[PDB]
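Single chain ahead, by itself, as structure tokens, in the form deposited in one PDB entry.
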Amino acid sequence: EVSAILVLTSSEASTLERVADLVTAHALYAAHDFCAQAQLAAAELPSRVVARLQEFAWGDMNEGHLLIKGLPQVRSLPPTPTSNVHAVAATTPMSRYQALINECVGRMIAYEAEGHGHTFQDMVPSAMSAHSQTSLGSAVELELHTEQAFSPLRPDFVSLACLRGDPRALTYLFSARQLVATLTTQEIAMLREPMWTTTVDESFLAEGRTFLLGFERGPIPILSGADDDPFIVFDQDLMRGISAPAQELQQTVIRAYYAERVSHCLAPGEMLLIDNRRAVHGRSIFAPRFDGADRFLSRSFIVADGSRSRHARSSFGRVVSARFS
């Protein structure tokens, strides 16, 4: 179903592998140095690969995502962790490859309130949150959403590198362009109106944690930007329409998603970049075993402009403090 594909040749994958040796800082404990090294080393990547990533980053008429195949094979991978607190992905060779590609596109960033501000988060199924609307769910379908729909500091891109796949775990992608193509002129105009409130994801709450922007935000529109290249903010589960027509238009978006969404089953060596302004994403049900061989993705976030979050970070810091989300 996915169209926007970059297939690395054996020679390009070998170059990536060699260029990763230039990235030596600890991804977790020296995140800024690690990301800055990746940004500099990315100049040594194959020009064909860099051109495709810069074109995708510019964004104009991009498909809302880019699937990269042919990354260097995942060797001596540790068992899939049963929880996300181990940050196992952040010390694998796959994370330096992911950093190099990410830093072509934009600046890597992390959030104190999302997976403890780890540079790379382990996206692994949770036994506890299996039936939850989170990255660690599995027994229920992860509903269509913009990453951090509630936050003005939300990432510009979501980066997912596959360490272990699950054949039943499908990633669903649906662009703002695909949505607008199914709607009437009236629905598009209403989606551009500030008719939906949104709340801070439960997972972002903590004892003594107050957000500068509160728990409930908005009303905001779902659609914005250029008529021919619209931006989307959506959260099926969290956004609430202010009126009866606003609740129905949210249902219209959901139906268009089920009818038009594209799917892809992430496999080892693959990497998916999602344009968080141009597309929404979801994930199918799958049945994890919690035996060390479960689906395991390395998630990271990208912003075009690191200055937008400077008020929320420390000097030479890559982590957005919780209260600013």
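Residues carry their position along the shown sequence, with the first being 1. Shifts are known only where both forms have a C-alpha. Note that the rigid core is defined as the largest set of C-alphas that superpose within 1.5 Å between two forms.
Comparing 11-19 with 310-318, which has the greater mean CA B-factor as deposited?
11-19 has the higher mean C-alpha B-factor.
| Where do the C-alpha atoms have the higher mean temperature factor in this entry, in 179-187 or in 102-110? | Taking the mean C-alpha B-factor of 179-187 and of 102-110, the larger value falls to 179-187.
Handout entry: Residue, from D156, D166, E207, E147, that the PDB entry assigns the highest Cα B-factor
Key = When the deposited C-alpha B-factors of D156, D166, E207, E147 are compared, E207 is largest.
Legend entry - C-alpha B-factor winner, where the candidates are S95, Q121, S151, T82: Highest C-alpha B-factor among the listed options: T82.
### Query
For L66, does the deposited CA B-factor place it in the lowest, middle or highest third of the chain?
Lowest third of the chain for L66's C-alpha B-factor.
B-factor third for the C-alpha atom of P268 within its chain = Its C-alpha B-factor, which the entry lists for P268, ranks in the middle third among residues of this chain.
Thinking about Cα B factors across the chain, which third does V233 belong to?
Lowest third - that is where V233 ends up once the chain's C-alpha B-factors are sorted.
Item checked: Third assignment of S203 from its chain's C-alpha B-factors -> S203: CA B-factor falls in the highest third of its chain.
Q. Is the Cα B-factor recorded for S126 in the lowest, middle or highest third of its chain?
A. Its C-alpha B-factor, which the entry lists for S126, ranks in the middle third among residues of this chain.
Just so it is clear, the following notes concern the form deposited in another entry, a form of the same protein that is not shown.
Q. After the core is superposed, which of these residues, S243, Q186, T91, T134, moves its CA 2 Å or more between this form and the one not shown?
A. With the rigid core superposed, the residue that stands out is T134.
query = Between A130 and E216, do the C-alpha atoms lie closer or farther in the other entry than in the shown form, with a difference of 3 angstroms or more?
reply = Between the C-alphas of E216 and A130, the gap narrows in the other entry (3 Å or more compared with this form).
**Prompt:** So the C-alpha spacing of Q133 and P219 changes by 3 Å or more in the other entry; is that change toward closer or farther than shown?
**Reply:** Relative to the displayed form, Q133 and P219 move farther apart in the other entry - a change of at least 3 Å between their C-alphas.
Next item on the list: After fitting on the rigid core, list every run of 3 or more consecutive residues where each C-alpha shifts 2 Å or more between this form and the one not shown, in sequence order.
Entry: After superposing the rigid core, the only shifted stretch between this form and the one not shown is 129-137.
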